[PDB]
Engineer: 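One structure, pasted below without further comment.
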Amino acid sequence: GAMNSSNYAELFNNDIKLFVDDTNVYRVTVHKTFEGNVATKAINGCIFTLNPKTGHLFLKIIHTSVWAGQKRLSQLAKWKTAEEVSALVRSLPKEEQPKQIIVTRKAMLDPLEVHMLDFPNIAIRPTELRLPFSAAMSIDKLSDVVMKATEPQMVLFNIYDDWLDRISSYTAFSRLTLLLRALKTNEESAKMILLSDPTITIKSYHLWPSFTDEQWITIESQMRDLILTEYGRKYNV
Amino acid sequence: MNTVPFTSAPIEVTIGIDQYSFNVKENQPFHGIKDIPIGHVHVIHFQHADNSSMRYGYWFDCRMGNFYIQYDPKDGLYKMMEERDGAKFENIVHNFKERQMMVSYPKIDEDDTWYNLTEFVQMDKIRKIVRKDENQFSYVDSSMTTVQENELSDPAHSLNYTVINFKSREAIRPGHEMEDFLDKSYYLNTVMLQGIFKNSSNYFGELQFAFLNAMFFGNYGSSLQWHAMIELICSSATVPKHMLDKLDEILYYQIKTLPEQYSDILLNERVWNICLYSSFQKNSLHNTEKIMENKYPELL
Ligand SMILES: Cc1cn[nH]c(=O)c1
């Protein structure tokens, strides 16, 4: 059924699975028209499809031309997401196809289920976890490739950099979700933390800085303090 | 005017005939039902006084043969049987008519209710949903499951309604996933009407039969089927005008006949609210929406 805190370790077992997050597929800026009405202008988006065990990210860039002349775009965006996820699955060798696909938003269940009718043995699951994958566009290299795209495109990343050489998937996922939650709750402070020391760089082939084990403990602590602080700055505690 | 004679009534039972019902006491001199209107299917149904579990009954058409009911004390139920000796049947019924041992089908002359509930129901279609080819009449009860229920377990005892599943390859053309899910017109008009049912009259007959089994036997899978057949039409943007107008009439009389007290278990809130207030056809069911709002405003 649904994925929650009770069945959390299932993410890191040896059954291939993918998270799908559609929160950055349809993106707009709202602005005033010359006549004083309101209008939207779409910007490029992306599907965030992630294997939590391996870190493999399948970043499908959604170019604004896919909305041209379409109506009910927020509805269409869910079906476009499911069409692209289904196309991705079909493009993978059988032994690489997922056994489960977990959507971060329940409105993706029916569109994905319908697009995956041909795959009756792939389970489509929701989750009770509040995952912070909307903040994917706060990662500079992901934001950059999305905003520069001039046509539909798929780009492949490892969102864990080389962490699995030193830590387990469980710990790597915990680090990723702490970082993203921080970027989501206070992007400015989060990014200040991650870069403050210029001697630590981001490798050309990485997304995050090259911290040592000890420096990641410091960073992780600073992200917790940030999240707790905002929680207080918000509710006043 | 035809007759369903009874051998006797050895156990106390509530007997239904179509939308009417009457109580018979244990060993009461009851010998059947006369004056049954020719030209419609009918249903004769039973609820034992000592065990309200298992409503059951028989769908029949008197044009197809001479049928009588005899209690079987081994299997413990009133059974329909066909009499092949037409002289015996005439003599038996006449004997009983002269002794005034039969109740009269109590139809009010102005009252078109049964016609309106069975307008498109034919015995030949009933006997393909209820498979027992050695009999001209069809047994149904509270507990029989549908072919679709059994897929999600005795096949010989199933209700073979047409399977409708909105998230199935039958319902969804490859490459038209969003279009076909959000507008079921393809599935209604091409797959079901042209493909399976051949015409809207057979579709409506099955819909009406499913409603009657839901109402008279509390058969849960029949209620599922009735609601699925309504929802498939309401969720289609392109439906022939004559079908929409007929559906409104069909549903109006189903809602009108439903016991006011069974609406909590026989009506599906989501289906009805979707059909009357959100679907493509929200503005096409004027009579049904008016009776529903005045009779069952709580559901909505
Ligand atoms: C009541 C009835 C009618 N016909 N044949 C029978 O044996 C019995």
Side-chain angles (χ1 to χ4, degrees), chain B residues 1-107 114-115 118 121-142 144 156-157 209 212-213 216-217:
Chain B
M1 306 299 263
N2 277 125
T3 307
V4 174
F6 275 53
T7 283
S8 59
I11 74 172
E12 200 157 284
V13 64
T14 298
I15 303 186
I17 177 76
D18 300 350
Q19 76 265 40
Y20 313 107
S21 61
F22 52 91
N23 304 309
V24 171
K25 294 305 177 289
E26 177 192 315
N27 283 319
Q28 176 179 324
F30 174 82
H31 289 292
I33 305 169
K34 67 179 196 176
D35 299 329
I36 305 174
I38 311 156
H40 319 110
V41 310
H42 298 285
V43 60
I44 192 166
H45 36 119
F46 298 92
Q47 188 152 227
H48 294 185
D50 71 349
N51 172 65
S52 41
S53 294
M54 187 184 62
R55 280 179 265 172
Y56 63 97
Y58 305 90
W59 291 93
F60 68 96
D61 186 333
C62 288
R63 292 174 296 186
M64 297 300 293
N66 294 322
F67 308 127
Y68 70 97
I69 300 279
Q70 187 153 123
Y71 179 80
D72 174 7
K74 177 168 170 71
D75 290 340
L77 80 180
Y78 287 95
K79 294 185 170 171
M80 178 161 279
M81 300 200 274
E82 167 177 5
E83 177 48 75
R84 88 154 283 111
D85 182 351
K88 166 168 184 193
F89 192 73
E90 273 186 50
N91 181 218
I92 282 258
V93 165
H94 173 268
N95 179 70
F96 291 146
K97 279 198 169 180
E98 274 287 277
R99 310 222 291 152
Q100 288 197 42
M101 303 263 83
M102 300 187 166
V103 289
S104 179
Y105 188 91
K107 179 181 172 310
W114 191 240
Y115 169 79
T118 64
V121 186
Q122 324 167 266
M123 260 316 306
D124 69 303
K125 297 315 200 302
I126 290 179
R127 298 179 72 234
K128 299 176 195 302
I129 294 171
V130 187
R131 310 191 165 290
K132 193 166 201 283
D133 294 344
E134 64 267 19
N135 296 326
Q136 297 288 292
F137 50 85
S138 301
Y139 173 88
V140 179
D141 68 26
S142 285
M144 280 163 57
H157 211 52
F209 184 58
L212 296 166
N213 288 321
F216 289 127
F217 310 112

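What's counted below: heavy atoms across the whole structure, side chains too, no hydrogens, waters or symmetry copies. In each ligand, atom 1 is the first atom listed, and ligand 1 is the first ligand listed. In the text below, chain A, chain B and the rest are named by the order of the sequence lines, each starting its count at 1.
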Engineer: Excluding sequence neighbours, so at least two apart, what forms salt bridge (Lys or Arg N to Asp or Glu O under 4.0 Å) with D75(B)?
Structural biologist: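 Partners of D75(B) under the salt bridge (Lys or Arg N to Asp or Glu O under 4.0 Å) test: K79(B).
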Engineer: May I ask you to check whether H42(B) and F137(B) place their ring centres under 6.0 Å from each other?
Structural biologist: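 No.
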Engineer: Taking only residues two or more places apart in sequence, or in another chain, which ones meet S138(B) in a side chain to side chain contact (heavy atoms under 4.5 Å, CB included)?
Structural biologist: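 By the side chain to side chain contact (heavy atoms under 4.5 Å, CB included) rule, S138(B) matches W59(B), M123(B), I126(B), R127(B), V130(B).
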Engineer: Looking at residues at least two apart in the chain, or sitting in another chain, which of them share a ring-ring contact (aromatic ring centres under 6.0 Å, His included) with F6(B)?
Structural biologist: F30(B)
Engineer: Tell me which residues fall inside the under-4.0 Å heavy-atom shell around ligand 1.
Structural biologist: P5(B), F6(B), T7(B), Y68(B), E83(B), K88(B), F89(B), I92(B)
Engineer: Is the number of heavy atoms from other residues, nucleotides or ligands under 6.0 Å of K88(B) NZ greater than 12?
Structural biologist: no
Engineer: How about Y139(B) and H157(B): does a side-chain donor come under 3.5 Å of a side-chain acceptor?
Structural biologist: no
